[PDB]
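This is input-v1.txt (compact mmCIF, C-alpha atoms and all ligand atoms).
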```
# COMPACT_ATOMS: atom_id res chain seq x y z
CA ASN A 701 4.34 -1.00 -23.17
CA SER A 702 6.56 0.98 -20.81
CA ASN A 703 10.22 -0.23 -20.60
CA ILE A 704 10.49 0.51 -16.86
CA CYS A 705 8.65 -1.03 -13.88
CA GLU A 706 5.70 1.11 -12.82
CA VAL A 707 6.51 0.70 -9.11
CA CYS A 708 10.33 1.10 -8.85
CA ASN A 709 11.06 2.84 -12.17
CA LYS A 710 13.92 0.43 -13.07
CA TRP A 711 14.36 -1.78 -16.16
CA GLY A 712 14.93 -5.49 -15.82
CA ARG A 713 12.82 -8.66 -16.27
CA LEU A 714 9.42 -6.94 -16.85
CA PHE A 715 5.92 -8.45 -17.31
CA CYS A 716 3.71 -6.30 -19.47
CA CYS A 717 0.04 -5.57 -18.93
CA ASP A 718 -2.23 -6.65 -21.84
CA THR A 719 -4.83 -3.97 -21.26
CA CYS A 720 -2.66 -0.97 -20.47
CA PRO A 721 0.93 0.07 -21.27
CA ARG A 722 2.28 -0.51 -17.71
CA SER A 723 4.99 -3.01 -16.89
CA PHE A 724 6.22 -4.71 -13.72
CA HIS A 725 8.91 -6.66 -12.05
CA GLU A 726 7.46 -9.91 -10.80
CA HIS A 727 7.56 -9.03 -7.09
CA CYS A 728 6.97 -5.29 -7.51
CA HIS A 729 3.43 -6.04 -8.70
CA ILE A 730 1.02 -6.96 -5.89
CA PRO A 731 -0.10 -9.71 -5.96
CA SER A 732 3.19 -11.12 -7.59
CA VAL A 733 2.76 -11.42 -11.34
CA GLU A 734 0.74 -14.57 -11.99
CA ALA A 735 2.58 -17.61 -13.64
CA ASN A 736 0.36 -18.14 -16.68
CA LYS A 737 -2.78 -16.05 -17.63
CA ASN A 738 -2.72 -14.83 -21.25
CA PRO A 739 -3.95 -12.18 -21.48
CA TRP A 740 -2.87 -10.66 -18.14
CA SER A 741 -4.34 -7.58 -16.63
CA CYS A 742 -2.41 -5.60 -13.97
CA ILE A 743 -3.84 -4.35 -10.70
CA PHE A 744 -4.48 -0.86 -12.08
CA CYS A 745 -6.67 -2.44 -14.80
CA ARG A 746 -8.44 -4.74 -12.31
CA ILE A 747 -9.32 -1.76 -10.08
CA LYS A 748 -10.57 0.27 -13.03
CA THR A 749 -12.82 -2.67 -13.96
CA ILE A 750 -14.39 -2.79 -10.48
CA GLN A 751 -15.20 0.90 -10.77
CA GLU A 752 -16.64 0.50 -14.28
CA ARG A 753 -18.84 -2.43 -13.27
CA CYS A 754 -20.27 -0.43 -10.33
CA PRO A 755 -20.06 3.30 -11.00
CA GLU A 756 -21.87 4.03 -7.73
CA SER A 757 -18.80 2.57 -5.93
CA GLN A 758 -17.27 6.03 -6.43
CA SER A 759 -19.86 7.93 -4.42
CA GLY A 760 -18.49 9.10 -1.07
CA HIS A 761 -18.16 6.76 1.87
CA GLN A 762 -17.57 7.15 5.59
CA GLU A 763 -14.14 5.84 6.74
CA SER A 764 -15.81 4.03 9.65
CA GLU A 765 -17.95 1.99 7.25
CA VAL A 766 -14.96 1.21 4.98
CA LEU A 767 -12.87 0.00 7.91
CA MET A 768 -15.51 -2.55 9.03
CA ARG A 769 -15.77 -4.19 5.62
CA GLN A 770 -14.80 -7.82 5.52
CA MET A 771 -11.87 -8.68 3.27
CA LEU A 772 -13.85 -10.24 0.40
CA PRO A 773 -12.03 -10.42 -2.99
CA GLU A 774 -12.72 -6.82 -4.01
CA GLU A 775 -11.58 -5.35 -0.65
CA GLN A 776 -8.50 -7.64 -0.70
CA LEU A 777 -7.66 -6.21 -4.16
CA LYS A 778 -8.19 -2.64 -3.05
CA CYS A 779 -5.82 -3.09 -0.08
CA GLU A 780 -3.22 -4.70 -2.39
CA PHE A 781 -3.44 -1.71 -4.73
CA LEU A 782 -3.19 0.79 -1.86
CA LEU A 783 -0.08 -1.07 -0.58
CA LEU A 784 1.35 -0.92 -4.13
CA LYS A 785 0.72 2.82 -4.36
CA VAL A 786 2.89 3.31 -1.25
CA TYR A 787 5.71 1.18 -2.75
CA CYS A 788 5.47 3.39 -5.85
CA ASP A 789 7.00 6.25 -3.84
CA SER A 790 10.77 5.99 -3.54
CA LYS A 791 10.62 7.04 0.15
CA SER A 792 8.91 3.73 0.85
CA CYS A 793 12.45 2.18 1.00
CA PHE A 794 12.73 3.44 4.56
CA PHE A 795 9.65 1.51 5.67
CA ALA A 796 9.97 -1.70 3.56
CA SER A 797 12.14 -3.98 5.61
CA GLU A 798 12.25 -4.82 9.30
CA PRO A 799 13.51 -1.84 11.31
CA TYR A 800 15.75 -1.81 14.41
CA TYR A 801 15.93 0.77 17.15
CA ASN A 802 19.06 1.96 18.95
CA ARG A 803 19.10 5.71 19.39
CA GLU A 804 20.19 7.61 22.49
CA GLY A 805 17.09 9.04 24.19
CA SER A 806 14.48 6.88 22.42
CA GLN A 807 12.97 3.48 23.02
CA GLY A 808 11.77 1.28 20.15
CA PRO A 809 8.06 0.69 19.55
CA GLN A 810 6.11 -1.99 21.31
CA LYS A 811 4.83 -3.32 17.99
CA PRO A 812 7.20 -2.84 15.11
CA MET A 813 5.69 -2.86 11.62
CA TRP A 814 6.91 -2.57 8.07
CA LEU A 815 5.68 -2.77 4.47
CA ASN A 816 7.04 -6.23 3.62
CA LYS A 817 5.30 -7.62 6.73
CA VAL A 818 2.00 -6.09 5.58
CA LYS A 819 2.67 -7.52 2.14
CA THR A 820 3.14 -11.02 3.60
CA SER A 821 0.10 -10.60 5.79
CA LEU A 822 -2.06 -9.74 2.77
CA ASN A 823 -0.60 -12.65 0.80
CA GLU A 824 -1.37 -15.08 3.61
CA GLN A 825 -4.98 -13.71 4.03
CA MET A 826 -4.32 -12.71 7.62
CA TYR A 827 -6.61 -9.67 7.61
CA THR A 828 -10.35 -10.31 7.98
CA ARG A 829 -11.43 -6.67 7.74
CA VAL A 830 -10.06 -3.59 5.98
CA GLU A 831 -9.45 -2.14 9.50
CA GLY A 832 -6.65 -4.73 10.10
CA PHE A 833 -4.70 -3.64 7.07
CA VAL A 834 -5.25 0.09 7.66
CA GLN A 835 -4.23 -0.15 11.31
CA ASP A 836 -0.90 -1.88 10.47
CA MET A 837 -0.22 0.68 7.70
CA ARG A 838 -0.87 3.62 10.00
CA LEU A 839 1.24 2.01 12.76
CA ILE A 840 4.29 2.02 10.45
CA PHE A 841 4.24 5.81 10.34
CA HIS A 842 3.15 6.36 13.94
CA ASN A 843 6.05 4.20 15.20
CA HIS A 844 8.45 6.24 13.10
CA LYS A 845 7.16 9.59 14.36
CA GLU A 846 7.37 8.54 17.95
CA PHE A 847 10.91 7.07 17.68
CA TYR A 848 12.54 9.91 15.77
CA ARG A 849 11.01 12.60 18.04
CA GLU A 850 12.51 15.95 16.97
CA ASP A 851 15.03 14.62 14.48
CA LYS A 852 14.14 16.00 11.10
CA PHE A 853 14.02 12.38 9.83
CA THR A 854 10.53 12.25 11.35
CA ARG A 855 9.38 14.03 8.22
CA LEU A 856 9.83 10.91 6.14
CA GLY A 857 7.05 9.31 8.15
CA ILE A 858 4.76 12.28 7.55
CA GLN A 859 5.54 12.25 3.84
CA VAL A 860 4.87 8.57 3.24
CA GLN A 861 1.80 8.64 5.51
CA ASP A 862 0.40 11.45 3.31
CA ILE A 863 0.86 9.22 0.20
CA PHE A 864 -0.92 6.40 2.03
CA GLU A 865 -3.82 8.55 3.23
CA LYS A 866 -4.42 10.30 -0.14
CA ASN A 867 -4.47 6.93 -1.92
CA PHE A 868 -6.75 5.44 0.79
CA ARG A 869 -9.27 8.22 0.30
CA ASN A 870 -9.10 7.78 -3.55
CA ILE A 871 -9.25 3.97 -3.69
CA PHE A 872 -12.00 3.55 -1.17
CA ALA A 873 -13.86 6.69 -2.34
CA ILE A 874 -13.96 8.36 1.05
CA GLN A 875 -16.36 11.34 1.13
CA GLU A 876 -14.55 14.59 0.53
CA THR A 877 -14.44 17.07 3.44
CA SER A 878 -12.79 20.34 4.58
ZN ZN A 901 10.07 -2.89 -10.01
ZN ZN A 902 -2.87 -2.64 -16.82
ZN ZN A 903 -23.81 -1.42 -10.56
```
Show the structure stored in the file as structure tokens.
Amino acid sequence: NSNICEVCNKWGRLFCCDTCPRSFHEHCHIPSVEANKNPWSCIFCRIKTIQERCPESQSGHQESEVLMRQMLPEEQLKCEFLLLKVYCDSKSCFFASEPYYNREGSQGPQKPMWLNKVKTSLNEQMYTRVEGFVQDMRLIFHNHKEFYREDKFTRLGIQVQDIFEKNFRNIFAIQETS
């Protein structure tokens, strides 16, 4: 197995996947690494299994159809993995914890949002459809773009949104377009 966490790329107290060489900190993995379970399979392995059990799940889909899916166990897992893929990028640090807004010439967002809040919301089964999760994720970056206006820091929002959207299209097998 790897000797660094797959998500944050640091050593420490790592839990190792039994079916692939990835390792994780307890709370870097999503869901948090399960207490018992020997063997244990990580989220990457669990997603690969879904795909292997239903190869047709990789044919293209319309985003509108994906968004209306109810959060049954497989869609719950897919959203957890997509959230994890965003945390895998180091620039996710800027969006993880609860933000505050005091900048001359800008007003804070009406509905603040951040990664750890989405993480809690998934953990507590607060989303009933994929749309709920995707909306909160997109709102993180939209809030950031609006607040930082012409400051070059706005680019961080664009960058992390691009990681989110690329992973969304991959995980949910959105039909490729120009
Ligand atoms: Zn970690
Ligand atoms: Zn694995
Ligand atoms: Zn099948």
When you look at segment 862-864 of chain A with a cut-off of 8 Å (counting all atoms listed in the file), what residues show up, excluding the ones that are within fewer than 2 positions of it in the same chain? I need them as JSON, numbers by chain.
{"A": [782, 783, 785, 786, 789, 858, 859, 860, 866, 867, 868]}
Could you please extract the residues within 9 Å of ligand ZN 902 (chain A), counting all atoms listed in the file, and hand them back as JSON, numbers by chain?
{"A": [716, 717, 718, 719, 720, 721, 722, 723, 740, 741, 742, 743, 744, 745, 746]}
Please write out the residues within 7 Å of ligand ZN 901 (chain A) as a CSV table (one decimal) with C-alpha atoms, in the frame of the given file, counting only C-alpha atoms and all ligand atoms.
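Generated output (result.csv):
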```csv
chain,number,residue,atom,x,y,z
A,705,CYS,CA,8.6,-1.0,-13.9
A,706,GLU,CA,5.7,1.1,-12.8
A,707,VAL,CA,6.5,0.7,-9.1
A,708,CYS,CA,10.3,1.1,-8.8
A,709,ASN,CA,11.1,2.8,-12.2
A,710,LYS,CA,13.9,0.4,-13.1
A,724,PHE,CA,6.2,-4.7,-13.7
A,725,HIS,CA,8.9,-6.7,-12.0
A,728,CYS,CA,7.0,-5.3,-7.5
```
Do a neighbour search on residue 798 of chain A at 10 Å with all atoms listed in the file, toss out local chain neighbours closer than 4 positions, and write the hits as a PyMOL selection string.
chain A and resi 794+812-817
For C-alpha atoms, I'd like the residues from the last selection saved as a compact mmCIF listing (two decimals), in the frame of the given file.
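See selection-v1.txt below for the written result:
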```
# COMPACT_ATOMS: atom_id res chain seq x y z
CA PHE A 794 12.73 3.44 4.56
CA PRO A 812 7.20 -2.84 15.11
CA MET A 813 5.69 -2.86 11.62
CA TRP A 814 6.91 -2.57 8.07
CA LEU A 815 5.68 -2.77 4.47
CA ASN A 816 7.04 -6.23 3.62
CA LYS A 817 5.30 -7.62 6.73
```
Using all atoms listed in the file, I'd like a table of the residues in chain A that come within 8 Å of ligand ZN 903 (chain A); for each, show the closest atom pair and its distance in Å rounded to one decimal, ordered by chain and ascending number, as a tab-separated table.
```
residue	atom	partner	partner_atom	distance
A:753	CA	A:ZN903	ZN	5.8
A:754	CA	A:ZN903	ZN	3.7
A:755	CA	A:ZN903	ZN	6.0
A:756	CA	A:ZN903	ZN	6.4
A:757	CA	A:ZN903	ZN	7.9
```
Just write segment 755-778 of chain A with N, CA, C and O atoms, as a compact mmCIF listing (two decimals), in the first residue's frame, taken from the block above.
```
# COMPACT_ATOMS: atom_id res chain seq x y z
N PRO A 755 -22.03 -2.40 -16.60
CA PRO A 755 -21.21 -1.69 -17.57
C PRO A 755 -21.94 -0.57 -18.34
O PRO A 755 -21.31 0.45 -18.69
N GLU A 756 -23.25 -0.76 -18.55
CA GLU A 756 -24.08 0.18 -19.26
C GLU A 756 -24.22 1.49 -18.50
O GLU A 756 -24.58 2.49 -19.11
N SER A 757 -23.91 1.47 -17.18
CA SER A 757 -23.89 2.69 -16.35
C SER A 757 -22.91 3.74 -16.87
O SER A 757 -23.05 4.91 -16.55
N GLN A 758 -21.94 3.36 -17.72
CA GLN A 758 -21.03 4.27 -18.32
C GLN A 758 -21.44 4.87 -19.65
O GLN A 758 -20.68 5.71 -20.15
N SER A 759 -22.56 4.44 -20.24
CA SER A 759 -23.07 5.14 -21.39
C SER A 759 -23.49 6.57 -20.99
O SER A 759 -23.80 6.83 -19.80
N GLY A 760 -23.47 7.46 -21.96
CA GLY A 760 -23.75 8.88 -21.65
C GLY A 760 -25.14 9.14 -21.10
O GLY A 760 -26.14 8.47 -21.49
N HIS A 761 -25.22 10.13 -20.18
CA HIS A 761 -26.42 10.57 -19.59
C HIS A 761 -26.61 12.05 -19.76
O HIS A 761 -25.66 12.81 -19.95
N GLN A 762 -27.86 12.49 -19.65
CA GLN A 762 -28.17 13.92 -19.64
C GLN A 762 -28.07 14.43 -18.18
O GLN A 762 -28.57 13.78 -17.29
N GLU A 763 -27.40 15.55 -18.01
CA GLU A 763 -27.29 16.16 -16.63
C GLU A 763 -28.64 16.33 -15.95
O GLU A 763 -28.81 16.06 -14.75
N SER A 764 -29.68 16.71 -16.74
CA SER A 764 -30.99 16.95 -16.14
C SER A 764 -31.56 15.70 -15.53
O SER A 764 -32.16 15.77 -14.45
N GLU A 765 -31.36 14.54 -16.17
CA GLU A 765 -31.79 13.27 -15.63
C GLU A 765 -30.99 12.90 -14.38
O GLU A 765 -31.58 12.52 -13.37
N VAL A 766 -29.67 13.08 -14.43
CA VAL A 766 -28.82 12.78 -13.25
C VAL A 766 -29.26 13.58 -12.04
O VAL A 766 -29.38 13.01 -10.97
N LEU A 767 -29.56 14.86 -12.24
CA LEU A 767 -29.85 15.74 -11.12
C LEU A 767 -31.13 15.32 -10.39
O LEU A 767 -31.24 15.43 -9.17
N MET A 768 -32.13 14.81 -11.15
CA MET A 768 -33.39 14.38 -10.54
C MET A 768 -33.35 13.05 -9.90
O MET A 768 -34.33 12.68 -9.21
N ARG A 769 -32.22 12.32 -9.96
CA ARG A 769 -32.18 11.02 -9.27
C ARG A 769 -32.30 11.16 -7.77
O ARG A 769 -31.62 12.00 -7.19
N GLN A 770 -33.08 10.28 -7.15
CA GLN A 770 -33.14 10.21 -5.73
C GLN A 770 -31.80 9.67 -5.18
O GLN A 770 -31.12 8.84 -5.81
N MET A 771 -31.47 10.12 -3.99
CA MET A 771 -30.26 9.69 -3.32
C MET A 771 -30.33 8.26 -2.68
O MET A 771 -30.15 8.09 -1.50
N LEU A 772 -30.58 7.23 -3.53
CA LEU A 772 -30.45 5.87 -3.10
C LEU A 772 -28.96 5.58 -2.83
O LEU A 772 -28.11 6.39 -3.28
N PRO A 773 -28.63 4.42 -2.22
CA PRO A 773 -27.26 4.11 -1.86
C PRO A 773 -26.19 4.33 -2.94
O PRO A 773 -25.10 4.84 -2.62
N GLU A 774 -26.44 3.94 -4.17
CA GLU A 774 -25.44 4.17 -5.21
C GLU A 774 -25.22 5.65 -5.54
O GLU A 774 -24.05 6.05 -5.74
N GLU A 775 -26.28 6.45 -5.58
CA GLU A 775 -26.13 7.89 -5.83
C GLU A 775 -25.50 8.60 -4.64
O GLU A 775 -24.67 9.51 -4.83
N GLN A 776 -25.86 8.21 -3.44
CA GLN A 776 -25.17 8.68 -2.21
C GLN A 776 -23.67 8.44 -2.34
O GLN A 776 -22.88 9.35 -2.03
N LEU A 777 -23.27 7.20 -2.68
CA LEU A 777 -21.84 6.89 -2.84
C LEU A 777 -21.15 7.73 -3.88
O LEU A 777 -20.01 8.21 -3.67
N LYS A 778 -21.82 7.92 -5.01
CA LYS A 778 -21.25 8.69 -6.10
C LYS A 778 -21.02 10.15 -5.67
O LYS A 778 -20.00 10.75 -6.06
```
